[PDB]
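Q: Input file: run_19.cif. Contents: mmCIF, C-alpha atoms.
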data_model
loop_
_atom_site.label_atom_id
_atom_site.label_comp_id
_atom_site.auth_asym_id
_atom_site.auth_seq_id
_atom_site.Cartn_x
_atom_site.Cartn_y
_atom_site.Cartn_z
CA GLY A 1 170.82 98.65 141.04
CA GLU A 2 172.82 98.35 144.31
CA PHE A 3 170.19 100.07 146.57
CA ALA A 4 167.20 97.91 145.36
CA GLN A 5 169.41 94.74 145.84
CA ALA A 6 170.37 95.95 149.36
CA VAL A 7 166.70 96.53 150.34
CA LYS A 8 165.75 93.04 148.93
CA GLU A 9 168.58 91.44 151.01
CA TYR A 10 167.46 93.47 154.07
CA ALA A 11 163.81 92.27 153.73
CA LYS A 12 165.05 88.65 153.65
CA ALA A 13 167.26 89.12 156.79
CA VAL A 14 164.47 90.90 158.77
CA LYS A 15 162.11 88.00 157.88
CA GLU A 16 164.72 85.45 159.17
CA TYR A 17 165.25 87.56 162.31
CA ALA A 18 161.43 87.47 163.01
CA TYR A 19 161.58 83.69 163.01
CA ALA A 20 164.57 83.56 165.39
CA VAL A 21 162.92 86.08 167.84
CA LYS A 22 159.74 83.94 167.68
CA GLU A 23 161.83 80.81 168.56
CA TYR A 24 163.54 82.76 171.43
CA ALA A 25 160.03 83.65 172.82
CA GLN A 26 159.09 79.93 172.81
CA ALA A 27 162.52 79.10 174.52
CA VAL A 28 162.28 81.81 177.27
CA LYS A 29 158.84 80.48 178.40
CA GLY A 30 159.17 76.65 178.05
CA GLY B 1 156.41 85.01 182.27
CA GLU B 2 156.47 88.79 181.60
CA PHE B 3 159.77 88.76 179.68
CA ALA B 4 158.55 85.91 177.38
CA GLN B 5 155.41 88.00 176.57
CA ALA B 6 157.69 90.97 175.68
CA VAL B 7 159.82 88.71 173.34
CA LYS B 8 156.54 87.54 171.73
CA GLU B 9 155.38 91.18 171.22
CA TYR B 10 158.80 92.10 169.73
CA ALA B 11 158.72 89.06 167.35
CA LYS B 12 155.26 90.38 166.10
CA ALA B 13 156.75 93.89 165.51
CA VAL B 14 159.80 92.45 163.58
CA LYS B 15 157.41 90.40 161.36
CA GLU B 16 155.30 93.60 160.63
CA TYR B 17 158.54 95.52 159.82
CA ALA B 18 159.69 92.64 157.53
CA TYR B 19 156.46 92.96 155.48
CA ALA B 20 157.06 96.79 155.21
CA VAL B 21 160.75 96.34 154.07
CA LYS B 22 159.56 93.76 151.48
CA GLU B 23 156.95 96.31 150.19
CA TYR B 24 159.63 99.06 150.08
CA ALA B 25 162.09 96.74 148.15
CA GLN B 26 159.31 96.31 145.51
CA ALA B 27 158.67 100.12 145.42
CA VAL B 28 162.41 100.95 144.93
CA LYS B 29 162.71 98.30 142.12
CA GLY B 30 159.94 100.44 140.48
CA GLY C 1 154.97 108.27 152.83
CA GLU C 2 154.35 104.62 153.76
CA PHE C 3 157.80 103.11 154.61
CA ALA C 4 158.66 106.08 156.91
CA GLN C 5 155.59 105.32 159.16
CA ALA C 6 156.68 101.58 159.25
CA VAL C 7 160.19 102.64 160.42
CA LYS C 8 158.59 104.91 163.15
CA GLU C 9 156.34 102.06 164.34
CA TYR C 10 159.33 99.61 164.39
CA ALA C 11 161.45 102.11 166.35
CA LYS C 12 158.68 102.27 169.03
CA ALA C 13 158.79 98.44 169.25
CA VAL C 14 162.63 98.38 169.62
CA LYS C 15 162.30 101.03 172.43
CA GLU C 16 159.66 98.84 174.18
CA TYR C 17 161.80 95.66 173.79
CA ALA C 18 164.86 97.52 175.11
CA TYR C 19 162.75 98.53 178.27
CA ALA C 20 161.72 94.90 178.70
CA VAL C 21 165.31 93.59 178.34
CA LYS C 22 166.44 96.02 181.03
CA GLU C 23 163.54 94.94 183.34
CA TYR C 24 164.53 91.26 182.76
CA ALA C 25 168.22 92.03 183.52
CA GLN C 26 167.11 93.79 186.78
CA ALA C 27 165.08 90.62 187.50
CA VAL C 28 168.32 88.48 187.10
CA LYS C 29 170.28 90.92 189.31
CA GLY C 30 167.34 90.55 191.89
CA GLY D 1 176.73 101.58 149.08
CA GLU D 2 176.98 102.23 152.87
CA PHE D 3 173.46 100.79 153.29
CA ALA D 4 174.55 97.62 151.36
CA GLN D 5 177.53 97.19 153.85
CA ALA D 6 175.14 97.68 156.83
CA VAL D 7 172.74 95.03 155.49
CA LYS D 8 175.68 92.53 155.15
CA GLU D 9 176.61 93.12 158.84
CA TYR D 10 172.90 92.73 159.85
CA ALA D 11 172.56 89.48 157.77
CA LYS D 12 175.65 88.01 159.57
CA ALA D 13 174.31 89.03 163.06
CA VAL D 14 170.85 87.50 162.39
CA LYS D 15 172.54 84.16 161.51
CA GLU D 16 174.63 84.25 164.77
CA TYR D 17 171.48 85.13 166.80
CA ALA D 18 169.44 82.34 165.16
CA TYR D 19 172.18 79.76 166.01
CA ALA D 20 172.57 80.95 169.64
CA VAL D 21 168.72 80.85 170.06
CA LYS D 22 168.63 77.25 168.61
CA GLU D 23 171.37 76.10 171.03
CA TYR D 24 169.59 77.83 174.00
CA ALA D 25 166.21 76.21 173.12
CA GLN D 26 168.25 72.92 173.50
CA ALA D 27 170.12 73.93 176.74
CA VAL D 28 166.66 74.35 178.44
CA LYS D 29 165.02 71.52 176.31
CA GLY E 1 170.87 115.24 148.89
CA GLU E 2 168.57 114.81 151.93
CA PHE E 3 167.44 111.26 151.01
CA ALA E 4 171.08 109.99 150.48
CA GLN E 5 171.97 111.54 153.89
CA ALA E 6 168.92 109.84 155.58
CA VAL E 7 169.91 106.48 153.97
CA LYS E 8 173.53 106.93 155.40
CA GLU E 9 172.00 107.59 158.90
CA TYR E 10 169.77 104.48 158.43
CA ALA E 11 172.90 102.43 157.39
CA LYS E 12 174.65 103.51 160.62
CA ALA E 13 171.61 102.52 162.74
CA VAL E 14 171.23 99.09 161.04
CA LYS E 15 175.03 98.51 161.59
CA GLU E 16 174.67 99.52 165.29
CA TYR E 17 171.68 97.17 165.65
CA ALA E 18 173.69 94.32 164.06
CA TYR E 19 176.48 94.79 166.62
CA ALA E 20 173.93 94.82 169.52
CA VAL E 21 172.24 91.59 168.17
CA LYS E 22 175.72 89.90 168.08
CA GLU E 23 176.25 90.97 171.75
CA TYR E 24 172.79 89.52 172.68
CA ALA E 25 173.67 86.24 170.87
CA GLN E 26 176.93 85.96 172.91
CA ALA E 27 174.99 86.59 176.18
CA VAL E 28 172.46 83.86 175.32
CA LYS E 29 175.45 81.44 174.91
CA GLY E 30 177.58 82.81 177.82
CA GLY F 1 161.07 114.99 155.75
CA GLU F 2 159.16 112.13 157.41
CA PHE F 3 161.79 109.47 156.33
CA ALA F 4 164.72 111.45 157.89
CA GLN F 5 162.65 111.89 161.08
CA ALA F 6 161.74 108.19 161.14
CA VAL F 7 165.45 107.24 160.78
CA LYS F 8 166.37 109.54 163.69
CA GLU F 9 163.73 107.83 165.92
CA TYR F 10 165.04 104.40 164.82
CA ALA F 11 168.70 105.34 165.51
CA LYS F 12 167.74 106.55 169.08
CA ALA F 13 165.82 103.31 169.76
CA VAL F 14 168.78 101.16 168.54
CA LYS F 15 171.06 102.92 171.02
CA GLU F 16 168.52 102.17 173.86
CA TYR F 17 168.52 98.49 172.78
CA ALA F 18 172.37 98.44 172.68
CA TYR F 19 172.49 99.75 176.34
CA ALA F 20 169.87 97.23 177.42
CA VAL F 21 171.85 94.34 175.89
CA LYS F 22 174.96 95.39 177.84
CA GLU F 23 172.92 95.40 181.06
CA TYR F 24 171.61 91.86 180.32
CA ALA F 25 175.18 90.69 179.38
CA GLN F 26 176.58 92.01 182.72
CA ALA F 27 173.70 90.32 184.69
CA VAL F 28 174.42 86.90 183.05
CA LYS F 29 178.21 87.33 183.87
CA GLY F 30 177.49 87.82 187.65
#
Mind turning this structure into structure tokens?
A:
Amino acid sequence: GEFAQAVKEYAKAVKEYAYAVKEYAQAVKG
Amino acid sequence: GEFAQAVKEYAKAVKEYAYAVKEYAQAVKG
Amino acid sequence: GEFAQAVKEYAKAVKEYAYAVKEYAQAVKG
Amino acid sequence: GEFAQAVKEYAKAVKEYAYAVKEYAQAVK
Amino acid sequence: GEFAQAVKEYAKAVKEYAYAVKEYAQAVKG
Amino acid sequence: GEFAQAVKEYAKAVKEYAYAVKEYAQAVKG
């Protein structure tokens, strides 16, 4: 069940990363 | 100006990838 | 199938962001 | 198993990025 | 098989991306 | 098939991003 768990963990980290890149976009402009 | 737009475009692409990883995690679990 | 096209589309976005990061670095050096 | 190890390294980097971005968004404002 | 080998190549890429993101985080701090 | 090809495109893009980050890091260092 290791691969499905890994892909679930990856989806969560990519989602978090999208929020940080969105915050960086806001920071670079301000 | 131009770099902040590029960060904003990348943030959109990471969010789209996050939804595809989440869909793939569900497909593997199947 | 479906995830493979998502990974191709994400790769194109990472390429584009890389190009923009380099352009922004050249802007700092300029 | 290799992919699980890669995801752990990615999860750790995303947390470090998100903290440096938060601090930066302060350094400016 | 071919899928296990592709997932190992994907693992290597995700790991390489991690290490680049850590470098970018350090640059944003100093 | 298409997943192995997608991973190869992703791995090439990651390496372009890693080079770009080093250029930005060097610019910020003076």
Q: What does the distance between CA of residue 1 (chain A) and CA of residue 2 (chain D) come to in Å, to one decimal place?
A: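 Calculated distance between CA of residue 1 (chain A) and CA of residue 2 (chain D) is 13.8 Å.
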Q: Put chain C on top of chain A with a least-squares fit on all C-alpha atoms, paired in order, and send it back as a compact mmCIF listing (two decimals) with C-alpha atoms, in the frame of the given file.
A:
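The file below, out.txt, is the result:
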# COMPACT_ATOMS: atom_id res chain seq x y z
CA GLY C 1 169.58 98.88 140.28
CA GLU C 2 171.98 98.48 143.22
CA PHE C 3 170.17 99.90 146.31
CA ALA C 4 166.98 97.90 145.51
CA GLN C 5 168.92 94.55 145.75
CA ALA C 6 170.43 95.77 149.14
CA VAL C 7 166.88 96.47 150.45
CA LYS C 8 165.75 92.94 149.27
CA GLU C 9 168.74 91.30 150.99
CA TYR C 10 168.10 93.31 154.22
CA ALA C 11 164.40 92.35 154.18
CA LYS C 12 165.43 88.64 154.06
CA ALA C 13 167.65 89.24 157.13
CA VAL C 14 164.81 90.99 159.08
CA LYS C 15 162.51 88.00 158.22
CA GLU C 16 165.19 85.56 159.52
CA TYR C 17 165.75 87.63 162.72
CA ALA C 18 161.98 87.82 163.29
CA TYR C 19 161.85 83.90 163.04
CA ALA C 20 164.70 83.68 165.55
CA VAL C 21 163.05 86.14 167.99
CA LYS C 22 159.87 84.06 167.90
CA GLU C 23 161.88 80.82 168.50
CA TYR C 24 163.63 82.52 171.48
CA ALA C 25 160.27 83.71 172.90
CA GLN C 26 158.93 80.10 172.58
CA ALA C 27 162.11 79.02 174.42
CA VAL C 28 161.24 81.49 177.32
CA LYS C 29 157.62 80.25 177.37
CA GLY C 30 159.12 76.62 177.53
Q: Need to verify the contact set: residue 24 (chain F), 7 Å, all atoms listed in the file, exclusion of same-chain residues closer than 4 positions in sequence. Can you return it as an MDAnalysis selection string?
A: (chainID C and resid 21:22 25) or (chainID F and resid 20 28)
Q: Can you list what the PyMOL selection byres ((chain E) within 12 of (chain C)) grabs from this structure, as a list in words?
A: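 Checking the PyMOL selection byres ((chain E) within 12 of (chain C)) against this file, the residues are residues 3, 6, 7, 10, 13, 14, 17, 20, 21, 24 and 27 of chain E.
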Q: Tell me, in Å to one decimal, how far CA of residue 17 (chain D) is from CA of residue 1 (chain D).
A: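 Here the two named atoms are 24.7 Å from each other.
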Q: Which residues of chain D come within 6 Å of chain A, and for each one, what is the closest pair of atoms and their distance in Å to one decimal, counting all atoms listed in the file, sorted by chain and residue number, as a tab-separated table?
A:
residue	atom	partner	partner_atom	distance
D:4	CA	A:6	CA	4.9
D:7	CA	A:10	CA	5.7
D:11	CA	A:13	CA	5.4
D:14	CA	A:17	CA	5.6
D:18	CA	A:20	CA	5.0
D:21	CA	A:24	CA	5.7
D:25	CA	A:27	CA	4.9
Q: Could you add the missing atoms to region 5-24 of chain A, up to N, CA, C and O atoms, and return them as a compact mmCIF listing (two decimals), in the coordinates of the input?
A:
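What landed in result_27.txt:
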# COMPACT_ATOMS: atom_id res chain seq x y z
N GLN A 5 168.84 96.06 145.44
CA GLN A 5 169.41 94.74 145.84
C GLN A 5 169.60 94.75 147.37
O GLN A 5 169.25 93.76 147.98
N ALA A 6 170.12 95.84 147.91
CA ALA A 6 170.37 95.95 149.36
C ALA A 6 169.04 95.84 150.11
O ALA A 6 168.96 95.18 151.19
N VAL A 7 168.01 96.53 149.62
CA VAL A 7 166.70 96.53 150.34
C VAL A 7 166.10 95.12 150.25
O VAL A 7 165.55 94.65 151.22
N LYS A 8 166.21 94.44 149.10
CA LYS A 8 165.75 93.04 148.93
C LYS A 8 166.45 92.10 149.92
O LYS A 8 165.76 91.38 150.68
N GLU A 9 167.77 92.20 150.03
CA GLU A 9 168.58 91.44 151.01
C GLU A 9 168.15 91.79 152.43
O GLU A 9 168.05 90.88 153.28
N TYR A 10 167.90 93.08 152.72
CA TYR A 10 167.46 93.47 154.07
C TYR A 10 166.10 92.82 154.41
O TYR A 10 165.93 92.31 155.51
N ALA A 11 165.15 92.83 153.47
CA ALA A 11 163.81 92.27 153.73
C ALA A 11 163.97 90.80 154.10
O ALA A 11 163.24 90.31 154.99
N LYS A 12 164.87 90.10 153.42
CA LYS A 12 165.05 88.65 153.65
C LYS A 12 165.63 88.44 155.05
O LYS A 12 165.14 87.57 155.80
N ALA A 13 166.62 89.25 155.47
CA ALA A 13 167.26 89.12 156.79
C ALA A 13 166.27 89.48 157.90
O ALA A 13 166.28 88.80 158.96
N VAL A 14 165.46 90.51 157.72
CA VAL A 14 164.47 90.90 158.77
C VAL A 14 163.46 89.75 158.94
O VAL A 14 163.11 89.39 160.06
N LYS A 15 163.06 89.15 157.83
CA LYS A 15 162.11 88.00 157.88
C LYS A 15 162.72 86.83 158.67
O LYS A 15 162.06 86.32 159.60
N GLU A 16 163.95 86.47 158.40
CA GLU A 16 164.72 85.45 159.17
C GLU A 16 164.82 85.82 160.65
O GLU A 16 164.61 84.97 161.52
N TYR A 17 165.13 87.08 160.94
CA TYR A 17 165.25 87.56 162.31
C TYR A 17 163.90 87.38 163.03
O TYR A 17 163.92 86.96 164.18
N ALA A 18 162.77 87.70 162.39
CA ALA A 18 161.43 87.47 163.01
C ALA A 18 161.26 86.01 163.45
O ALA A 18 160.76 85.90 164.55
N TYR A 19 161.71 85.12 162.59
CA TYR A 19 161.58 83.69 163.01
C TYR A 19 162.45 83.32 164.21
O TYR A 19 161.95 82.61 165.13
N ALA A 20 163.70 83.80 164.23
CA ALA A 20 164.57 83.56 165.39
C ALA A 20 163.96 84.20 166.65
O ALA A 20 164.06 83.61 167.72
N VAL A 21 163.48 85.45 166.60
CA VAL A 21 162.92 86.08 167.84
C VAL A 21 161.70 85.25 168.28
O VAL A 21 161.54 85.00 169.50
N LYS A 22 160.92 84.75 167.34
CA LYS A 22 159.74 83.94 167.68
C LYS A 22 160.21 82.66 168.40
O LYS A 22 159.59 82.29 169.46
N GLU A 23 161.25 82.02 167.92
CA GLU A 23 161.83 80.81 168.56
C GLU A 23 162.38 81.16 169.95
O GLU A 23 162.21 80.33 170.88
N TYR A 24 163.02 82.33 170.12
CA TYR A 24 163.54 82.76 171.43
C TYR A 24 162.38 82.93 172.43
O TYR A 24 162.55 82.53 173.63
